[PDB]
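Novice: Experimental coordinates follow, after the sequence.
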Amino acid sequence: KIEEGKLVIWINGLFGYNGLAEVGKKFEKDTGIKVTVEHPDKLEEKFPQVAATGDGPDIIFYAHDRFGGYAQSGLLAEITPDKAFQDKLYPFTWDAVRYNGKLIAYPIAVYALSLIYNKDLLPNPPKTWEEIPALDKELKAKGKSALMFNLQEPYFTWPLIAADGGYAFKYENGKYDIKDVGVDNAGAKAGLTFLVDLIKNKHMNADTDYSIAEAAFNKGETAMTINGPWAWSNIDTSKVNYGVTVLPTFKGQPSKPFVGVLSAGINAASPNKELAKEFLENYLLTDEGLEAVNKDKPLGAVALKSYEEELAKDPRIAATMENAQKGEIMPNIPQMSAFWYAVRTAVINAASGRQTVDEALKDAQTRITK
C-alpha cells in the first residue's frame, strides 16, 4: 500500500532531480508533507511492474509517448486541472498528455529538433531546404559541407518528410485514427525525394549517423546540423560559435519535427492524488518551481507560458519552442511501434538505392495500416 501522507517521486537521473528535491523541500515547509525524490535505474521498466501491483511512487516523470501504454494499462490517474490552470500551458502540450481523449499527465518540458549552424561559416542560415544544394557547392569550394545530420533514424529525417504533408496518424476528437496514416502521400514522397536527391547529388552521405554529424559540426567541418536541446552541452564552443534557429521550410511549408514532452503522471493507486495535484500545479509548475529544477539541470523549453517567455531570452530555447509549435505531436498509441520500424526501413532503403522512394513509402504505409 502506497504510504498515505507523503509524496514519493520517481524521475530519470538525466534530469534535475536535485533541483526537484528543492521544490519538495519548499512543499514540506508549507504543508508539513514530506516529499522524497528517487531516480531508480531502469525506471521505464520498473514503474510498469510495481504499478501493476498497486505499488510504486505517487508521481512518475517520463516521456509522454509515449504509446499510451502506462495509460493503456490504467497505471495513471486521470488528472483534474481546472480551466484557469489549463490556460497557463501551451495548448499543444496538453494534446501530448491525452490518451483516448483523457488527460493523464502534466506537461513539464518540451522537445523538438532545430537547425544548429556555425556563425563563422554561415552568418545567415538558409530559410529554405531548396537553397541548401547551392550552399553546399559554395562551401565545398572551401572543403566544408553545408549540412550533416543523422540519416539513420526517422526521428531526424521526419521534419522534412512531414513538411509538405506527411504525417503519422490523423488526430481527431482527442483520439488517433489508425486507419488514416500519412506516410505515402504526395507530401511525404516529395520530402523523401528531396532527401534522396541530396544524397545522389553528393550533398549528403547515406551513411551519416548521429556521432559522425556531431563530430563534423564540432570540428568546424560542416556549417549546419539538426539536433535537439540535449546536444547543446556537447557542442565545442572553444572551436565553434553556433546559433540555433527555426528549421528550413520545404515547398514553402514549415518543417514539422516530432514534438515530445517530459510529463508527470500520478499513480492510479496513490492515496495521495490531491497532494500530488497540489504539488505539481502550485509548486512545480510555477516560475519559482521550474527555475529550481532549471538551475540544477536546464530543461530547455517548457510548457508553462510565463516561464517559457522568460527562458526565451535564450535564442536557442526560443527556436526550440518555435519549431515545437510548428511540429507534429508524437503519437502515444501502440501503433507507433509499427510506424517507427516501417519508416526507418523505408528511409534507409530509399537512401541506399535499394528501393525507389515511391515503393519504399508504399511498403511502409501498407505495413503500418495492416
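Specialist: Nice, I can see it. Numbering: from 1, shown residues only.

Novice: So what's the residue count around residue 349?
Specialist: 18 (other Cβ atoms under 10 Å). In short, each C-beta sits where N, CA and C put it, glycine included.

Novice: Adjust the sequence numbering to begin at 770 for everything that follows.
Specialist: Noted, 770 is the first residue going forward, which turns the last one into residue 1118.

Novice: quick one, phi/psi of it?
Specialist: Dihedral pair for residue 1118: phi -70, psi -30, per degrees, to the nearest 10.

Novice: tell me the contacts of it?
Specialist: 1124, 1129 (Cβ atoms under 8 Å, 6 or more residues apart in numbering).

Novice: roughly how far apart are it and residue 1104?
Specialist: Separation of residue 1118 from residue 1104 (Cβ to Cβ, to the nearest Å): 21 Å.

Novice: now do residue 919
Specialist: 24 Å.

Novice: same question, residue 797
Specialist: 42 Å.

Novice: do residue 1059 as well
Specialist: From residue 1059 over to residue 1104 the distance is 33 Å, taken as Cβ to Cβ.

Novice: between those two, which one's more packed in?
Specialist: The residue with more neighbours, out of residue 1059 and residue 1104, is residue 1059; 25 against 17, by other Cβ under 10 Å.

Novice: Remind me which helix or strand that one belongs to.
Specialist: Assigned by DSSP states H and E, residue 1059 belongs to helix 1056-1065.

Novice: pretty sure residue 836 contacts residue 1101?
Specialist: Yes. Here residue 836 reaches residue 1101: they are 5.4 Å apart, a contact under Cβ atoms under 8 Å.

Novice: Give me the more crowded residue out of those two.
Specialist: Higher neighbour count among residue 836 and residue 1101: residue 1101, with 27 against 18, using other Cβ under 10 Å.

Novice: Quick check: the more buried one is in a helix.
Specialist: No. Under DSSP: H, G, I helix; E, B strand; the rest coil, residue 1101 falls outside any helix and is assigned coil.

Novice: give me every residue that touches it.
Specialist: Residue 1101 is in contact with 833-837, 840, 865, 868, counting by Cβ under 8 Å, 6+ apart.

Novice: Buried among these? Make that a ChimeraX selection.
Specialist: In ChimeraX, a selection of the buried entries from the contacts of residue 1101 looks like this (16 or more other Cβ atoms under 10 Å):
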select :833,834,835,836,837,840,865,868
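
Novice: Mind checking which of the contacts of residue 1101 are in helices?
Specialist: 840, 865 (DSSP state H).

Novice: Counting only strands, which of the contacts of residue 1101 make the cut?
Specialist: Among the contacts of residue 1101, the members falling in strands (DSSP state E) are residue 868.

Novice: Pretty sure residue 1070 sits against residue 1080.
Specialist: Yes. With contacts counted by Cβ under 8 Å, residue 1070 reaches residue 1080, the gap being 6.9 Å.

Novice: who's more crowded, these two?
Specialist: Neighbour count, other Cβ under 10 Å: between residue 1070 and residue 1080, residue 1070 has more, with 29 against 21.

Novice: Contacts only, for that one.
Specialist: Counting by Cβ under 8 Å, 6+ apart, residue 1070 touches 878-881, 998, 1077, 1080, 1086, 1089-1090, 1093.

Novice: cool, and residue 825?
Specialist: Residues counted as contacts of residue 825 (Cβ under 8 Å, 6+ apart) are 771, 779, 816, 819, 1036, 1038.

Novice: now, the most widely separated pair of those?
Specialist: 779 and 1038 (13.6 Å; Cβ to Cβ).

Novice: got the contact list for residue 1113?
Specialist: Contacts of residue 1113 (Cβ under 8 Å, 6+ apart): 921-923.

Novice: for residue 1036, same thing?
Specialist: Residue 1036 makes contact with 771, 820, 825-829, 844-846 under the criterion Cβ under 8 Å, 6+ apart.

Novice: ok, so of those, who is nearest residue 983?
Specialist: So of the contacts of residue 1036, ranked by how close each gets to residue 983 (Cβ to Cβ), first place is residue 829, at 30.7 Å.

Novice: which residues touch the helix or strand harbouring the closest one?
Specialist: For residue 829, the host element (DSSP H and E) is strand 828-832. The contact list for strand 828-832 (Cβ under 8 Å, 6+ apart) reads 776-781, 784, 812-813, 816, 820, 839, 845, 877, 1029-1036, 1039, 1045, 1048-1049.

Novice: chain center to it, what's the gap?
Specialist: In this view, strand 828-832 has its centroid 15 Å away from the chain centroid, taken as Cα atoms, centre = their mean, to the nearest Å.

Novice: same deal with stretch 772-782?
Specialist: Distance of stretch 772-782 from the chain centroid (Cα atoms, centre = their mean) equals 25 Å.

Novice: Likewise for stretch 935-949?
Specialist: Relative to its chain's centre, stretch 935-949 lies at 18 Å (Cα atoms, centre = their mean).

Novice: What of stretch 944-960?
Specialist: Distance of stretch 944-960 from its chain centroid, counting by Cα atoms, centre = their mean, is 20 Å.

Novice: Over to stretch 1121-1134?
Specialist: That offset, for stretch 1121-1134, works out to 26 Å (Cα atoms, centre = their mean).

Novice: and that stretch, which residues are buried?
Specialist: Taking 16+ other Cβ under 10 Å as the neighbour-count basis, stretch 1121-1134 is seen to contain the buried residues 1124, 1126, 1129-1134.
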